[PDB]
Amino acid sequence: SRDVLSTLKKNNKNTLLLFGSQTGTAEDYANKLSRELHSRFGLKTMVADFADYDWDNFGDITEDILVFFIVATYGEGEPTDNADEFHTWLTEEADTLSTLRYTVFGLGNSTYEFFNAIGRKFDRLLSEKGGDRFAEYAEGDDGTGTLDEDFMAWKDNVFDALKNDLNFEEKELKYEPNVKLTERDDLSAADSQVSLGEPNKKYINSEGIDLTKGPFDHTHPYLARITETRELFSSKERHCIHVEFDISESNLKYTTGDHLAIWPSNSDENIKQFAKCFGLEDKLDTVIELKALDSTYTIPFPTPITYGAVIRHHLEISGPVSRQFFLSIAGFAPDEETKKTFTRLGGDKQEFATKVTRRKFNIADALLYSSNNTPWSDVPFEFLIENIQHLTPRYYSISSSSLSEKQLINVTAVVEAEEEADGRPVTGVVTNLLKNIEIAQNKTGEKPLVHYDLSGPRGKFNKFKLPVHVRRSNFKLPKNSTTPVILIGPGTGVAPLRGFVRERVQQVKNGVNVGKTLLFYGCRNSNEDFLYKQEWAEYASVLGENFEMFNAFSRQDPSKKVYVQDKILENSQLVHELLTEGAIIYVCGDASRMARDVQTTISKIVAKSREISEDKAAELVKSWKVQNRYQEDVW
Ligand SMILES: Cc1cc2nc3c(=O)[nH]c(=O)nc-3n(C[C@H](O)[C@H](O)[C@H](O)COP(=O)(O)OP(=O)(O)OC[C@H]3O[C@@H](n4cnc5c(N)ncnc54)[C@H](O)[C@@H]3O)c2cc1C
Ligand SMILES: Cc1cc2nc3c(=O)[nH]c(=O)nc-3n(C[C@H](O)[C@H](O)[C@H](O)COP(=O)(O)O)c2cc1C
């Protein structure tokens, strides 16, 4: 069952789609492509996670399997955790792929240095080892917001290739369900077998089982009690939540610098608009059971389950709407006036961007706009279950020290919310959940923009619990305690750096010998958004001369912006001194602008301090990144 060639033969499949995904986008695309390949070309598709197979025999693959690689790039041009073992095999163990027929679409972000490293590497290596590239390589730029149209253009070119080079008959797209739904009027919330949205099937029965003993991962969260929350900003319109999770009654462990994954539930406001949009507002307590119609289709949540539990706890109903979604559901348009508007919107890239994407409509608002508020009654819920991605966990840099508090996890989450002129709320799913927990836990008297279910399924989230798991990072304090470190992280970039500073403080407290710690921080205003403002003096008083903090208040003076890079330039001789002593550089926070500005600044200080050209210094800083002498936690 770990042999992907055997699994292809047993399920009578001729098309493999492999996804390398961290936050689900690559998965969704594998899934969309699969159905459209099957519908339009009659190919027998199977979507496979790299992590579910071993690849030692992959070179044995025969010419009758068309392979599609949908692969995202992470870390410093690293593969996604799921793809890591496949990445090792190809680069290190793979000999030939003489009869592989493949094509590759890479997901990346061009604000990052190693743009689509994994897409390009794979597309190259597979060709070098004898593979037949049946459709041109393409790739997506999540940095410019073109990723979704990028994938769409690639898919069009892959259809051209199949029709015109492999000489395949192309039929129109039609919904071909991989799953069958049956309403169970004989079943209700009273029945213990029925999911009210628990994270997995191990949380639904669970009488003679300890749900506090792990292992905990992306398949199995721990329910962690939030023992403390505070608002960290002083501004009425902008919010950042300090969260304390208690893991003391569990086997969940983290190391300083690791990520916490927080499993979301959707907002009341969003669920209402969804249920309205598809006329399900009378059906949310109706139980359904799902039965797979394809041998390789996994049902993506526990069954049986209520409509409302699927929508609240399993479907990514909020987020930008793919134009591909309009093309897939258009068949189910309520009336002919809708059909005319909808096939025109779905067929026009620019008009779709102007009328759907730029207005920040959720699926619900976009379909209700198109149909002039007629419900999309004829949409089988099965279509929705296949064509809307699983609600995936959001990652947070742990801001606690595992040496200082092995038993607590802190995160530092800035809240993303706006209100449209029409009155629509556009909300970050996880961040507004945390703002909500903070408002409720502290009886603050603020009025939530959106509301969530803080008791969760059958009151199993009661005591302000969320489902979490820890994901190990490479973002680690140096092995040798004495190695100096340079910590740069404005705004919520400070989160993991608080973790680092708290660790080194506990190390000095433990009579350990600790290197120089330099921290560059930035925020708008020392009175407004200075994260953990009062802790730093306390940390200073324990670290003594071995700690120095430089703070860039970007709006303190309205006429002149001041950023960390400015504070770095004016302390350049200290910075370079610490680099001469082997200091490790840690840059955390905004990927899109700060990370690159800071990298340039460090390059300039290297260039002057060692009398080499700026480009030679930039190449030297880039090699520090490959060696892990320069480490980034930027999102
Ligand atoms: C390794 C890593 C570490 C991180 N560390 C931190 C950290 O320490 N602190 C931190 O605050 N964040 C951190 N992040 C970011 C974090 O994972 C989340 O992306 C962030 O908190 C927002 O998640 P959300 O679920 O609240 O918003 P999401 O639900 O993901 O929404 C994303 C954005 O889209 C908007 N939006 C909603 N609907 C639409 C629509 N229809 N059209 C367009 N836009 C829409 C939302 O308002 C929001 O602004 C980290 C990310 C990574 C990858
Ligand atoms: C922490 C982090 C690091 C990233 N590093 C890179 C990178 O080095 N190169 C790149 O091209 N894209 C990078 N990206 C962009 C992702 O590849 C992109 O968001 C992708 O569309 C996500 O795919 P997934 O949801 O399937 O995991 C990074 C994104 C994040 C959040």
Side-chain angles (χ1 to χ4, degrees), residues 226-235 238-248 254-260 396-415 434-435 437-438 441-442 444 475-477 481 484-512 514-554 556 563-564 567 571 586-590 633:
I226 296 170
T227 41
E228 197 206 289
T229 45
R230 37 179 162 110
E231 174 55 65
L232 293 175
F233 296 168
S234 274
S235 59
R238 206 167 148 250
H239 307 280
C240 187
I241 300 313
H242 166 87
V243 188
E244 178 171 299
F245 294 99
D246 197 322
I247 63 167
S248 72
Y254 75 108
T255 305
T256 300
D258 282 338
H259 303 148
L260 193 66
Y396 299 81
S397 318
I398 300 176
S399 57
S400 64
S401 152
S402 41
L403 178 67
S404 182
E405 44 272 340
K406 58 167 199 79
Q407 87 286 3
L408 312 167
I409 299 182
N410 291 155
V411 308
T412 304
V414 57
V415 179
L434 290 169
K435 186 44 180 173
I437 294 183
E438 183 264 334
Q441 188 166 45
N442 297 113
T444 69
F475 195 80
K476 289 294 171 273
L477 282 166
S481 178
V485 295
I486 297 158
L487 309 193
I488 300 142
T492 54
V494 91
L497 307 181
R498 183 175 174 275
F500 277 23
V501 169
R502 282 184 66 78
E503 183 109 327
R504 272 157 88 99
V505 163
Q506 188 53 51
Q507 265 167 334
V508 157
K509 281 182 171 163
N510 287 9
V512 168
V514 162
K516 182 70 180 218
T517 313
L518 228 82
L519 172 58
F520 297 88
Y521 179 64
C523 76
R524 292 167 175 202
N525 200 292
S526 78
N527 296 339
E528 194 188 320
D529 52 345
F530 194 155
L531 294 170
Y532 301 104
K533 178 182 205 151
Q534 206 167 268
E535 302 189 338
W536 305 108
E538 294 165 349
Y539 299 136
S541 172
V542 177
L543 290 178
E545 81 200 327
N546 269 343
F547 179 74
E548 278 189 67
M549 202 190 186
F550 307 86
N551 294 315
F553 306 117
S554 59
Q556 215 74 55
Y563 296 148
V564 297
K567 284 286 167 150
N571 297 278
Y586 297 101
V587 177
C588 304
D590 174 55
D633 185 24

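The basis for the numbers below is simple: all heavy atoms, side chains too, and nothing from hydrogens, waters or symmetry mates. Throughout, numbering of the chain's residues begins at 1 and tracks the sequence.
Judged by distance alone, the side chain of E231 and the main-chain N or O of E438 form no donor-acceptor pair under 3.5 Å. Looking only at distances, no side-chain donor or acceptor of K435 sits under 3.5 Å from a matching main-chain atom of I241.
The distance from the CG atom of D258 to the CG atom of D633 is 10.5 Å, given to the nearest 0.5 Å. To the nearest 0.5 Å, the span separating CD on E548 from CG on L487 amounts to 12.5 Å. Between atom OG1 of residue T517 and atom CG of residue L477 there is a gap of 8.0 Å, rounded to the nearest 0.5 Å. In this structure, CD1 in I486 is found 11.5 Å from CG in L519, a value given to the nearest 0.5 Å. Taken from CD1 in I409 to OG1 in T227, the straight-line distance is 11.0 Å, to the nearest 0.5 Å. To the nearest 0.5 angstrom, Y396 atom OH is 9.5 Å from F245 atom CZ.
Side-chain contact between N510 and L403: present, with at least one pair of heavy atoms (C-beta onward) separated by less than 4.5 Å. Annotation: side chain of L518 is not in contact with side chain of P484 (no heavy-atom distance under 4.5 Å). Side-chain contact check for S404 versus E503: every heavy-atom pair is 4.5 Å or farther apart. When side chains are defined from C-beta on, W536 counts as touching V501, because their heavy atoms get closer than 4.5 Å. For the pair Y532/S399, a side-chain contact is recorded, criterion being any heavy-atom separation below 4.5 Å from C-beta on. Residues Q556 and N525 form a side-chain contact, since some pair of their non-hydrogen atoms from C-beta on lies under 4.5 Å apart. Using a 4.5 Å cut-off on side-chain heavy atoms (C-beta onward), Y521 and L531 make contact. Within the 4.5 Å cutoff, no side-chain heavy atoms of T256 are placed close to those of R502.
Under the 30°/60° scheme for interplanar angles, the aromatic rings of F550 and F520 are found to lie parallel. Using the six-membered ring where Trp is involved, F553 and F530 have ring planes that are tilted, between 30° and 60° apart.
In terms of heavy atoms, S481 sits closest to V514 at OG-CG2, 3.3 Å. The minimum heavy-atom distance between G515 and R504, with the atom names listed, is O-NH2, 3.0 Å. Residues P496 and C588 approach most closely at CG-SG, 3.6 Å, considering heavy atoms. Here the shortest heavy-atom pairing between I398 and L260 reads CG1-N, 3.6 Å. Across all non-hydrogen atoms, the minimal contact from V564 to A552 is N-CB, 3.5 Å. The nearest pair of heavy atoms linking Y254 to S402 is O-CB, 3.2 Å.
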(request) Apply side-chain hydrogen bond (donor to acceptor under 3.5 Å, both in side chains) to the pair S234 and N527, showing each step before the final yes or no. (result) CA-CA 7 Å; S234 274; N527 296 339; over 6 Å; no
The test is ring pair (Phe, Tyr, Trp, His ring centres under 6.0 Å); show your working for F500 and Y539 and say whether it passes.
CA-CA 11 Å; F500 277 23; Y539 299 136; over 10 Å; no
Q: Please assess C523 against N551 for the test side chain to side chain contact (heavy atoms under 4.5 Å, CB included), listing each intermediate value before the final yes or no.
A: CA-CA 8 Å; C523 76; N551 294 315; over 6 Å; no
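Side chains of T229 and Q441: a donor-acceptor N/O pair is present below 3.5 angstrom, by distance only. A donor-acceptor contact closer than 3.5 angstrom is absent between the side chains of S400 and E405. Donor-acceptor pairing under 3.5 Å is lacking for the side chains of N442 and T444.
A salt bridge is defined here as a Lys NZ or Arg NE, NH1 or NH2 lying under 4.0 Å from an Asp or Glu carboxylate O, and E244 with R230 fails to meet this definition.
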